[PDB]
Each structure stands twice: as structure tokens, then as C-alpha cells.
């Protein structure tokens, strides 16, 4: 019995061995791997003791440890087949502190909760993700990208310190100045180097309100040129995003529910039918007193753009309302029982030079419909992403985030996980064949060889960090990069 010495451990928290099924499922709703045990931690000491114990068994044990945040992984990257899942959200106690324009947040804290606390002090993190019901540890283990990364970099670029439980069971505090290798390694580290029990996140003064803007484009070349210019512009918009709208009808009437149109007369006629359209989603942060300054400031920035004048829809919402926007969507989908469905997502990082080529085969040919799920498309600046981290990004100075955020509500037909799978396969096949120079975000490779190809020249550094902080490959088994007890 390998789980009997687990039950022996005098934990602050405790282990669950039978009711473990929720830990055997994630957002992707495709991979299910039954863990042997679930640690409900009462302290970081409990996580340290558990990893220490697994380590103490050396190579001759199949035991693995997976930390679970909010389980937003797509292919079981938060799961542990016949191993231990650490329910990070279970880590309770007043550990969320704001000081010196920083917030020290536990690894299992949700960004929405970090924001709600941080606003009580008139501050807020600089960079975000589209959805805030995600853990600090889970996004930092990836990158954490929204429409602020062009300016502040991903979330990984706005972290000052980390408390990590290494794969040896060591509780280490690290930053650019002390244990710096471990610090840079964990960021975009896919949970391979240890468990992020705490993180210090940079804050900025929070605006009270946001002017949330949406406009349409019929020409990609114009849509992209306008995007690339706003991300490089001085005193630009606070958030910059975009979406591809394929074979969808009356999209401006599907906006009127939330947004107000600048000239409702021309907008009422505009047909969305049969033509691939492109949406530019912008925001300008402002405080009530500064409403007038902002209106003039926005008008100037919009005046340099090439969008369809009638399509300009806008709304004025509170900062929090704009940041939590996806939770509203989540709530609707939950009501229609459309939230716990397979999500065969494809998240791509496309270099600027390949974007027009990419959009030609993908949106023009490969895809006849987008109705199945939204398509995100937006450029970012490489200058804002540190090369000391584990984050895999293309070599160009400007690269695009392309996310096919597709759902499969059907067992046959168009969606249908097998249809989604094929379309995903085709896009990937084309990116290789046509020399796009694409790199995947939230990758789900099953073999070390596919991973080595992914990291490329970064592989040596990754395997070096791996042997260093997790020699027995105990941590984040579902990433599938390192088999248990594998390193040379």
C-alpha cells in the first residue's frame, strides 16, 4: 500500500481517497484520469510534506503530484492518473495582503478575488486574462494574456516574487534577485518546477470606469494594420483585442443588447450575412472627473482608423464590469447547460509576417463557419515578454494570439468533437506545411519528442531546470513532457 503512508502523515489538512471524481475532470471535458488521492491542504507545510514523501520513495514508485487551480486545463494538464491532486483552492487563511503597491496572493486564489480585495485600496493588477475565475498559480504557470499584454506584457511579466514548493519538497522564496533561476523557470513552467503557493503581483491605480468600444472591418489587411499601429502608439487604448466573425448574421443587433450605436440609422441596415467580418475591441480607462478629457482623447485615436463608420458601438461600464465580462457569458451558458461541454480549443501564436497568409487559408478556405465558438485575433509586442522564462513565443517582434475558442455540444454533425478535431488538425497541418512559424499556447503534446520540437532551442534550459528542481518528474504529469523517474 503506497497510500497507507499518506494517511499516516499528520497533516493540517487531509487526504481524500474515494470521492475523487471531480479531480478527474477539467474544462476541456475530454480527458478523465482518476487520481489515487486528493490532498485537501490546510497549509503549505502539507504540500511540502506530500511532495517530500513522494520524493523519498525515489524512482521505484509511480506516484505523481498535480496541483489543481480552477481546472481550466483542456487536456488533463491539472490531472494525475493514479497520483495525488493538490486542490490549491482549498488552501485557506488570510494570506491575501496589499503593500507597497503590490499584492501577495496565494497560488490558489482566483484573479477575481485578488481584484475585489485590491480595489478596496484603489489599486489593481496591470495585466489580465479574459476570464478572472482562474488561479494566480495556474495562469502564471502559462503566461496569462488579455488586451493589456501589448503594453504591460503577460501576467508572467508583472510578477515580483514567488513562493515555490519544488519537486524535492523544498519551500523556496524566489525573485529576479534571489533563487532567480527557479523564479524565471516557473513562469510559463507548466507546473514542472514546483507548486506556486504564493505570488507578489504588481498593482497600478485602478480606473473607476471604462469606455468599451467595438467596430467592424471587412478587410483583414486594414484590421491588422490598424491593430499593429495601436499596439505601437503612445497614449493608445488601455485594452486592444479582435475577433473573426465567420458566416454569422445580424451581429450589430446582437450588440444593441449591451452597446449603444454611434448613428443607429446606418447600423440598422448593415448585413453580416456571407461575408467574413473582423471586430476591433478597444477600451479607454477613465475616471468620472476626466470624462471630457477622455472623449476628446478617444475621438483622436479613432480618427486614425479605417473601420466601417456605422458599426461603431460603444458603452461606458465600471472597470470591474468590463474585467468580469466573461462571467456573464459563463452564467448564460450554464443556464442552457452549455458550460460543461467538450471544448476542443486551438490556441496559436502566429508571427506578424505570416498573419495575412494564415488568415487567407484559415478563414477564407479551412473555415466555412465560426458559429461553433469565437475566434480571437490580436497582436502583441515580444519586447514585453522576458526570454528568461519557460514561455515559448515566435522570434518576430510582433506576433498574434489566435484562439479558436470552440465548443462541441453534439455527438454528431458539425460540433461534434471529431469535426472540431479535424478542423484543428488542418490548421496545425497547414501551419507546418506552409512554413508559418507558429508556436502553440496552452499546448497539449503527448510525447517528449513533440515537446522538444515545441521548445526547440529552449529545450536544453527546460531539461536543465527540470533535472534541477524536479529530478524524479513528480510534478504536473498531465503536461506529458517528462515520464515519472525519466531525466538522464
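Residue numbers count along the first chain shown, from 1.
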For this session: Mind pulling up the entry and telling me whether 36-44 or 430-438 has the higher mean Cα temperature factor?
Result: 430-438
Seminar exercise, completed: When mean C-alpha B-factors in the record are compared for 389-397 and 123-131, the larger belongs to 389-397
Exercise. Among 342, 138, 274, 167, where is the Cα temperature factor highest, going by the PDB entry?
Worked result: 274
Exercise. Highest Cα B-factor in the PDB entry belongs to which of 179, 224, 192, 113?
Worked result: 224
Seminar exercise, completed: For residue 454, the third of its chain by CA B-factor is the middle
Problem set entry | Third of chain Cα B-factors occupied by residue 101 | lowest
Exercise. Mind checking which third residue 470 falls in for C-alpha B-factor across the chain?
Worked result: middle
Exercise. Against its chain's modelled residues, does residue 18's Cα B factor rank lowest, middle or highest third?
Worked result: highest
Seminar exercise, completed: By the entry's values, the third containing the CA B factor of residue 404 is the middle
